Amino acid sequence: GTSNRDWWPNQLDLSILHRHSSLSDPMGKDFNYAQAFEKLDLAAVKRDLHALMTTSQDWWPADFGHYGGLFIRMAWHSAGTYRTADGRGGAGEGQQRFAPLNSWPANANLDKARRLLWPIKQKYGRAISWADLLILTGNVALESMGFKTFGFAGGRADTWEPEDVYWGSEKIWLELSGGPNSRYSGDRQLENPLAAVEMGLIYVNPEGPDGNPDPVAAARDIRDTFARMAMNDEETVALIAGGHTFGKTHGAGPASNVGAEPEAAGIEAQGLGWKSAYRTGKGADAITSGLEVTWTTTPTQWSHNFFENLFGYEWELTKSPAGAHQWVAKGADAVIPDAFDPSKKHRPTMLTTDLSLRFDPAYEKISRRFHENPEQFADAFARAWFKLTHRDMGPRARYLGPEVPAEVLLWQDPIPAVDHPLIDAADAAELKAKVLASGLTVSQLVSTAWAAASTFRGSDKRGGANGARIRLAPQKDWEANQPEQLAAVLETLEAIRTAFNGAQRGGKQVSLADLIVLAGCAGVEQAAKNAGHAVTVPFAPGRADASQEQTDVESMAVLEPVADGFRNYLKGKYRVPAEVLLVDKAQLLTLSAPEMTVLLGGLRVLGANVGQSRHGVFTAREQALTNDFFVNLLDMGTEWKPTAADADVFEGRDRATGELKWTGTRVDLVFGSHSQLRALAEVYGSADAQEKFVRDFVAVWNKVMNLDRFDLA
């Protein structure tokens, strides 16, 4: 069946904005996962998971009698798709159970791990999501084998379909670099937003870069991909050595024995894949990666044996039974237990990527420090494991249950507690009138509040106006935020704040975070009034101001908008058309196509454009909230042509007289071009639509202002 994607493969795809609809969701529209989880007996789930660890099923027998290792790997791969560049991937939506992740080669036989968990899922039902369960399983595995974890937060709601994520352009699993869809260029530069070295891998190739078993060059790949997952060198060493303290790899026989991945398997396989024709196809005969390494003398118990082995022996390159490169400690004694035969023992072995921890000079310092001080290793690993598995959960206000760690971590972009009365509706009205009487314009007020709130992304729930981080480094200096204009607006707002807070009794005060948002609401209300309409924009106080010391400047860099179509802004020239970047932004803001459409048309006429550009400002009443953008965009009396100087800027001229009327970008004109967006623009451009436009505008404005307000959830 030939589709629209076949005929017009480069048209813009809006269906990414309409995923996660009430139609695909089996739970009722009032189902609240946090309320369900808050009543789960978490201890009882953990007791059942502890019992599972040593309850082997014959269809996938447990190595050494213990599934710990398998489940740790599972929870690390659930979390390890995360990319800091866009916040997509991670464990927070349980996406490992859907395509494509359920069938990535690096996820082989994690289908078995997830099936082992079905009896417990089934028992507790909707009170524990698959997403939470994957991570809790990992934690209980660690605890069962003697490792004390840093804690655990529930609250990851299940999703019901695949997320739309750019995982790369390769058309072949595990394609080595420099092919026709190479994700690498230049001096081994990985393209943003990707965070893995090959299609279907989590971070790196365990044999070495494109299969070359050089521990030193592998270290470079490790460092680059982990950094793109927001982990530094200390976290990286702790996580890899930590994880490889447990379990084993599987490569008992040749890879050509392994059949189709789950999404390609037959129906009889009932959601499992990678069925193997090698001997029994499982247990002692298992094939997963093709490597056959067991790192420690006690693979079912926490120890410091990984670093004892890594530094205590000299290593020799060898091949697994499937032919993959690995390392062995020649002239070690056979001290490693076999997974199934009590009478066999083996020599210590390592992956190329394990030896990286010893032969990269920066890693070696850390690994030596951990080797000599295993208590420091255990602490670092616990913290890094918590970060790994929580990094995409959002603000601490979303963390549920009795095991949440009380320590506030810098990476969490923490927001201080509010300990005072909040402003009420009368106070808000008074502050709004002061803001408007100060001389701040509609444009300044809407631009500033937009800049503060629009850093939110739903992928990892980072960003938003809570914290007033717009006043701090680095946000205050981002080009899109117009630093000089910004600094003058914030100086005026801070004087209003100081005056108002000074006049209060009884502890009442307003945060700068709240006032930024409230000032934005006042600007929207004034715009409406300028157009002849009396509207109240809703406002919910309770934001707090974070300090510079509570703000990791380097981690904030990934939230800088380099493209924001809502402000007609592009920081440089990109391979991706600006309209595709607009839709990507809308997706991160959690907007539907109608909401993206209303919001952009309004912003245009309110003066939100960076640099006060006239592009797309299709009105003669700038700073009045009207549907002028749409009515003028859709006027067939104007003809549009790209400019000589820039093919991405367009002149609109009267079709009869030739007179210049307007200029716009691709972001503006896509609303007149794309057949689905034009259909939405037509609604808002109709003669009966003024009231609808204003109402839908205020609602989507308010939605943006509240994107990070999990304290009110």
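A residue's number is simply how far along the shown sequence it sits, counting from 1.
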Got a sec? Mean C-alpha B-factor, which is higher, 422-430 or 316-324?
316-324
Which has higher Cα B-factors on average according to the PDB entry: 518-526 or 189-197?
189-197
Just to confirm, going by the entry's C-alpha B-factors, which of 98, 167, 307, 566 comes out highest?
167
Can you tell me which of 249, 627, 504, 459 has the maximum CA B-factor listed in the PDB entry?
504
Against its chain's modelled residues, does residue 65's Cα B factor rank lowest, middle or highest third?
middle
If you rank every modelled residue in this chain by C-alpha B factor, which third holds residue 658: lowest, middle or highest?
highest
Quick tally, chain-level thirds of C-alpha B-factors: residue 672 sits in the lowest
Split into thirds by Cα B-factor across the chain's modelled residues, where does residue 686 land: lowest, middle or highest?
lowest
Binned into thirds over the chain's modelled residues, the C-alpha B-factor of residue 139 lands in the lowest
